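Novice: Below you'll find the sequence and an experimental structure to go with it.
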Amino acid sequence: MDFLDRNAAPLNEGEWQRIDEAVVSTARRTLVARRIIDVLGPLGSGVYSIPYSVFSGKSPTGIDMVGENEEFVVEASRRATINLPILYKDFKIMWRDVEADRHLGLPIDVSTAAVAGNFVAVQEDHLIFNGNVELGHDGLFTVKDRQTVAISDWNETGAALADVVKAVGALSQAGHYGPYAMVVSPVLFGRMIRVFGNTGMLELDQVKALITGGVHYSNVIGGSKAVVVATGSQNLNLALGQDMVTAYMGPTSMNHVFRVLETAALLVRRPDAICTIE
Amino acid sequence: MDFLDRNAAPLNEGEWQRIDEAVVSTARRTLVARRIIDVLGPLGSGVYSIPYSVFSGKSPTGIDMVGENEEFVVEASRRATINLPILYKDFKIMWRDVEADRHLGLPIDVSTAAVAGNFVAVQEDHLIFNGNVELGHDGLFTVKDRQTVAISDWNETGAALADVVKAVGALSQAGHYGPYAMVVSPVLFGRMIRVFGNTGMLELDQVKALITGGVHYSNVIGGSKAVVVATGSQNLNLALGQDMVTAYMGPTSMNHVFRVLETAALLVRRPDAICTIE
Amino acid sequence: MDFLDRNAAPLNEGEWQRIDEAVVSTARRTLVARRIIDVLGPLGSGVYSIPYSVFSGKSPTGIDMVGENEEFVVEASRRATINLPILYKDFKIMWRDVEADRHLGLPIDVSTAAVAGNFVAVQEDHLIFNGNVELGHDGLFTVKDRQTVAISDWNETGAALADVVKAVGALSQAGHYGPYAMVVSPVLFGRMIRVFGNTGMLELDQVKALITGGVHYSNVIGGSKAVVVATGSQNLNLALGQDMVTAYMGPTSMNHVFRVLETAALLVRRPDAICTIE
Amino acid sequence: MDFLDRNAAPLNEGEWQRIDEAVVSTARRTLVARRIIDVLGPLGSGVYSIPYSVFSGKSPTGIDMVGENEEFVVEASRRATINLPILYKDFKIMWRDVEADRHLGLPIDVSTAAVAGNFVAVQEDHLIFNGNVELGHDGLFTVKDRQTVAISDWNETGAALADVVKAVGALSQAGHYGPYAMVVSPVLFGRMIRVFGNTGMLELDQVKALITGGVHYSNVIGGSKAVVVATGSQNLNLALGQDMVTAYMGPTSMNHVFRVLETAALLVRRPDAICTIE
Amino acid sequence: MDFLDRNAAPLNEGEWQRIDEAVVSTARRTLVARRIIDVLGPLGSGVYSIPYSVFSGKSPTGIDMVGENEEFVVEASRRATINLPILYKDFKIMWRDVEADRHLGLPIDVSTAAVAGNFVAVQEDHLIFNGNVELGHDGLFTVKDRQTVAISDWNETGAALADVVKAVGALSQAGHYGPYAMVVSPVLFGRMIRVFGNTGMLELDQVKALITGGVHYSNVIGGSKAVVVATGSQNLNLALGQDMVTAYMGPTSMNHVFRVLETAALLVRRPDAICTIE
Amino acid sequence: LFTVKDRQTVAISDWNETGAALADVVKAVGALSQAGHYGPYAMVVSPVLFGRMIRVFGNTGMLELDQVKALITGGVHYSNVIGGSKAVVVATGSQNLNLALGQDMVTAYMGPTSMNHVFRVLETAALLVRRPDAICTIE
């Protein structure tokens, strides 16, 4: 394999294991998507593209004593295909710090790696929620066949629950029963909590009664928007390629340079399972 | 056995284990019934019908120093019998994807299986709650000897708690003490949460105090209805036959074709334990 | 051979044995034609068409002291070829019945196989007597030079003997001495069970005394028709390719489908050896 | 098995051997239906219900050169289930008679056992011919799609033969040929004992010459009734769960109670195989 | 591999050997594109898509004494992906012909196989030259950045040579030297068969003396059209996933269906290597 | 080939003109292309017509027969049995036509008559017109 040429770096196995931990544990905290979008794979380092079906059509289910029908198939409305981009960010580790570790035992400050891990995961969320124009990707706020609901004035105490009930209505019309999850921009999340009124309860918990998969803010979603997602590998997956990892790129100047790379793409297999409120 | 002729498919043991997981984990999330109706069996692949007792009559319990009575039996009001239908839905796996897996190692996208698992489980819920006319089955909203309560206007803050107290009254009159569970249509679930009033509490939690088995929405229950169920193998079971499984059916065209099949039926042994609100 | 398969089928040997026995035993019960007409063959599955000779004309015959002449040759009035169709019907054995046998112990319902056997035997019967229009076959009621005898009203006692006498006159006038056989539409066969005059045996018994090859009936013969045949492997043959057999065809849906097939054609070698009472 | 067992019962092997034989030899003289209908199985003591197929409808057969078409599949007009009742009576052997037998040789009184065997055999016969309304079991006289013939007086000579001719004239024209069988009520069976014309054998012996599979009568059948049956497991079976057997139900006071029981039901696979003269 | 396999198919090895050869030897006479373009691979049955690089642009080269500068890197004008279609047709061998072959030596009719091989080869040729709009596959006549020449009549002498000179005068001046190749429509290919002036060889043989890599024609190409190609894998390849092969798709009725399939697409790495005369 | 009812046909031109025979072959190959048949085509011509193809095709300065032989890569042929002005164009190969031989041409001894030895040449042959639309007749 060895594109991940960790043999040529100076960092010993302990320093690698601590870099990998400082990346992974920063991913786990930073990502919102992998809380509501299930991982597919990881597939392998070399996979450049995925063929995947779109199951955008509703169809009946077979029910009989014996099984005398063949019309009760599921058939792809189309076999789409998607290329897996690279998300990457780079951090230096100064050669003096490696020398200090290897002689004195003052250990490498891997927080540079953790900051790269954050700046990659932020981009991963941005790709997943907002899509990306220039790669020709689509995301939950761009995929064209999705459901949509016109957002009401969420400064009124009746608004957000009603709009959630509209969204779950439109998902139920598609035949996507629960469990639903929802992700909300901070501009609206700071309203669901803010218009409790004299009725004296947070709308966030009122909605969390219905949207049993939970609600999240994400600063990545610009402006007033929300998206309701019927969760599961039946509807979406996040296809990883090669999971979030740090690569060595040789030195530049005397310093060492490393790259965090991540090759993930969003498989929206069922746009009818997505309902944006916007 | 080998009606489940998984020897003839190309998919290796790993690809089968991942299909089985992608089915089972989709069932577990999708089903509401198996949360409030206990499984019976699975009985076996070959069982076509079940004889089962109806215990619809209340009777005294023996209490003595020694045991000098024989009138304190439980006797079936009738031995009914029910045929176990097949629920099924089919999905293709394209031969190219199997070739890609077996050579490149780009793995089978089993989400086709998961989508079939969903479209079967949705039908299983539909059969259990709404019955099925043409199989001659009955369900919780059709079984004829059940209790019933006239639903009030649940747009009023007093309504739903009062109607639940009526329903638990009528169950207690049958001698079905708790724990009760309740399933509610979304049209009413979006009202129990919506008429908190200035008293500023969700009726859903107020009812969840009394209906300690919990409350669920299910889009399967059309219109304004609810059903209250005194849970347990003493009152109901879901008899499986052969638990939710995927079968291979040979190829059609070059493609492979698979079937999810499930043979379950609802044993309403005690209609007096069911009380619909409608 | 091995155009059929025994081995990919799910059935064990005892099930094949019961299916084949139920087929052969329904054929014997139903193949009226193979009582009055000899089987040529069965020649084998590979035979597709057969050349045969028709001797409709009559010719001079040699009487001389030395035998000088050579004009006296048997000339086939036409020499022809007939194609052997397939006669087939498919019966479907449900997977659940195999599963019940293999685990519970209830034997297979081979009644479907017996009904397929009957529908094949009846199709062969209909072919032999009436002939398939699309294939351009000739049947005993549609061959061109047969002795047409006008039928009288068999409600008069002795009329069926009178018309049998007419038919056996017409056949005897054509070089076809006995033993004749006759097949009767059953509405007339019931009308032949009368005590004949003062005679002290049935009109059926007088007819059998005259038609020593026996009287039969079959559903296919149109209302109030009958046919008298001057039997023997000269005057007529039935040519069999593959004799009636069962073949598996793989699954359809998930149920096992089996085919009963036979290849048969009527060789009317002497169109004068046939008399239809109509 | 062991639902019946003989180790608990008091009797020595010879007393069982006599009680069994005194049952069986009283049944045999009374079982009429088992003469005209094939027994299926007996399938097993625990067989509670049977799936079976009813071929009321008719469909075309394949006649074509290559056999391309697929439509020519045998389809049951309905698939049905039957529930096997228990037929039984309880006969009590008083303990003193046994205790006498052990010491004074005076035989066990078996006459109660013979009476139970008679009552069971009579109930079997009645269930088969007349059916039972509570169990919803149609009988040979009451199945819906049976053929029917408006009976004449049978007080002319030949009217019984004429109606038998009508009945064979309606099993034929409906796919069934012989060997037929028939059962008549005794009032009519006497009216069939006439010398038929100048023929020197009884009209009963004519009807037997036409109905070669046997003519019987049972006092179970009321008024002017007869049923004509196209014999053979392709059409009808008597399905036996438990063939008639004696079971020890333990004591009562100190007397011994034994049960004769039988489990038996009529499978009517082809309704048109039945014709009733009525 | 095993997505196609021959153990399930009925044929003996010689019947496969003849059916394969009757495919391949009918393809060979018809494959024109494979004469003018290099086959790449075949890469593998499971190769679903290919990344490839399009060098439309031009950039400076390093010419300097030390080679200090870094800018002189080859950059693709775009990086692109192509999805390999399946090219196929289904040809049916009727079971009777095989069964005849086993018993009477009459050969399997291979002519259907040759017709399928022809239709596949024709579709390959059409896909390469003309492209397919639904798949979005540009062809040699339709790629955007190809060179073009406004055709003359070709009804003067030398006009075909003059237009060929224009085409080589536009592959040269664009980085491509020979050996060129060319394919013309037959209407024009006939118009190239003139004796060229006083020269004593055909104008076709002049064009072949200039276009040493070969001149061909295919009826697939409509009207006045010709394409001139700078051969070699540096510019174009035909990428093959599966080279043309026969696959057994199982039975249908009892007949055998076989599929000829091929997976193939045109890689246009250098668009300027193509010039169309049109 | 000249009788099968589902065959393609072209109206024959006056081959006493120059180029008319090539133009008719162009029509026939057009109709076979429209039918979905590509070459190698073959052709057979009555000698009364075939001789009319041995002309200088025109300014092209070569024989029209060599033009047709370049367009019809199975070659032009002629026969006695194609009576009058007719030609047939055929998309060759077992995919379209076959000639089935039972017994390929052989001599058999029939014995003496009078005393002169009689011999019989025999053959069994029939035409498998597996695709009538693969035939186009110019007539």
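Specialist: Received the coordinates, thanks. Numbers count the residues shown, from 1 in each chain, chains lettered A, B, ... in the order given.
Novice: can you give me how far stretch A:176-191 is from the chain middle?
Specialist: Between the centre of stretch A:176-191 and the centre of its chain there are 14 Å (C-alpha atoms, centre = their mean, to the nearest Å).
Novice: Now it: buried residues?
Specialist: A:176, A:177, A:178, A:180, A:181, A:182, A:183, A:184, A:185, A:188, A:189, A:191 (16 or more other C-beta atoms under 10 Å in any protein chain shown). For every residue, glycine as well, the C-beta is placed using N, CA and C.
Novice: Is chain B within reach of it?
Specialist: Yes: applying C-beta under 8 Å from any C-beta of the partner chain, one finds stretch A:176-191 in contact with chain B at A:177, A:178, A:179.
Novice: measure that stretch end to end?
Specialist: 27 Å (C-alpha to C-alpha, to the nearest Å).
Novice: Smallest gap between the stretch 101-250 of chain A and chain E, at which residue?
Specialist: Closest approach between the stretch 101-250 of chain A and chain E, counting by C-beta to the nearest C-beta: residue A:136, at 10.8 Å.
Novice: whoops, the stretch 51-200 of chain A was the one
Specialist: For the stretch 51-200 of chain A, C-beta to the nearest C-beta, closest residue to chain E: residue A:51, 5.7 Å.
Novice: ok, now which ones touch that residue?
Specialist: A:79, A:80, A:81, B:96, B:97, E:48, E:49, E:83 (C-beta atoms under 8 Å, 6 or more residues apart in numbering or on different chains).
Novice: 6 Å instead?
Specialist: A:79, A:81, E:48 (C-beta atoms under 6 Å, 6 or more residues apart in numbering or on different chains).
Novice: ok so, going back, of the buried residues of stretch A:176-191, which belong to strands?
Specialist: Filtering those for membership in strands, criterion DSSP state E, returns A:180, A:181, A:182, A:183, A:184.
Novice: before we move on, back to that, assign a three-state SS to the residue of the stretch 51-200 of chain A closest to chain E, would you?
Specialist: strand (DSSP: H, G, I helix; E, B strand; the rest coil).
Novice: List phi and psi for residue A:106.
Specialist: Main-chain torsions, residue A:106, degrees, to the nearest 10: phi -70, psi 110.
Novice: That one: neighbour count?
Specialist: 11 (other C-beta atoms under 10 Å in any protein chain shown).
Novice: try residue A:54
Specialist: 17.
Novice: Surely it and residue A:77 touch.
Specialist: Yes: if you go by C-beta atoms under 6 Å, residue A:54 and residue A:77 touch, sitting 4.8 Å apart.
Novice: hmm, back to that, check the ones in strands among the buried residues of stretch A:176-191 one by one and keep those near chain F.
Specialist: Residues of those in contact with chain F (C-beta under 6 Å from any C-beta of the partner chain): none.
Novice: Adding distance to chain E as columns, could you present these in JSON lines?
Specialist: Below are those laid out as JSON lines (distance: C-beta to the nearest C-beta, whole Å):
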{"residue": "A:180", "distance to chain E": "34"}
{"residue": "A:181", "distance to chain E": "32"}
{"residue": "A:182", "distance to chain E": "34"}
{"residue": "A:183", "distance to chain E": "31"}
{"residue": "A:184", "distance to chain E": "35"}
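Novice: right, and out of those, which lies closest to chain F?
Specialist: Closest to chain F, out of all of these and judged by C-beta to the nearest C-beta, is residue A:180, at 54.2 Å.
Novice: what about the residue nearest to residue A:45 when sequence neighbours are not counted, distance to residue A:268?
Specialist: Residue nearest to residue A:45 in three dimensions, not counting chain neighbours: residue A:242, with 4.5 Å by C-beta to C-beta, 6 or more residues apart in numbering or on different chains. Separation of residue A:242 from residue A:268 (C-beta to C-beta, to the nearest Å): 21 Å.
Novice: Kindly report the same for residue A:131.
Specialist: 10 Å.
Novice: Can you pick out the residue with more neighbours from those two?
Specialist: residue A:268 (27 against 18).
Novice: got the contact list for the residue of the stretch 101-250 of chain A found nearest chain D?
Specialist: Across the stretch 101-250 of chain A, no residue is closer to chain D than residue A:175, which sits at 30.1 Å (C-beta to the nearest C-beta). Contact partners of residue A:175, counting by C-beta under 6 Å, 6+ apart, are residue A:58.
Novice: Kindly list the main-chain dihedrals of it?
Specialist: phi 80, psi 10.
Novice: same check, this time on residue A:92
Specialist: According to degrees, to the nearest 10, residue A:92 has phi -90, psi 150.
Novice: so what's residue A:157 up against?
Specialist: Per C-beta under 6 Å, 6+ apart, neighbours of residue A:157: A:195, A:197.
Novice: Then residue A:62?
Specialist: A:69, A:72, B:88, B:89.
Novice: Report the central residue of chain A.
Specialist: residue A:33 (2.7 Å; C-alpha atoms, centre = their mean).
Novice: wouldn't that residue be in contact with residue A:127 here?
Specialist: No: contact between residue A:33 and residue A:127 fails when scored by C-beta under 6 Å: they sit 9.0 Å apart.
Novice: what about the strands in the stretch 1-150 of chain A?
Specialist: Along the stretch 1-150 of chain A, counting by DSSP state E, counting those that start in this stretch, strands occupy A:39-40, A:49-54, A:62-64, A:73-74, A:78-83, A:87-93, A:147-149.
Novice: just to revisit the earlier point, would you turn the buried residues of stretch A:176-191 into a markdown table with distance to residue B:27?
Specialist: Formatted as a markdown table, the buried residues of stretch A:176-191 follow (distance: C-beta to C-beta, whole Å):
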| residue | distance to residue B:27 |
| --- | --- |
| A:176 | 16 |
| A:177 | 13 |
| A:178 | 14 |
| A:180 | 18 |
| A:181 | 19 |
| A:182 | 24 |
| A:183 | 26 |
| A:184 | 30 |
| A:185 | 34 |
| A:188 | 34 |
| A:189 | 33 |
| A:191 | 37 |
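Novice: and which of those is nearest to residue D:107?
Specialist: residue A:177 (74.3 Å; C-beta to C-beta).
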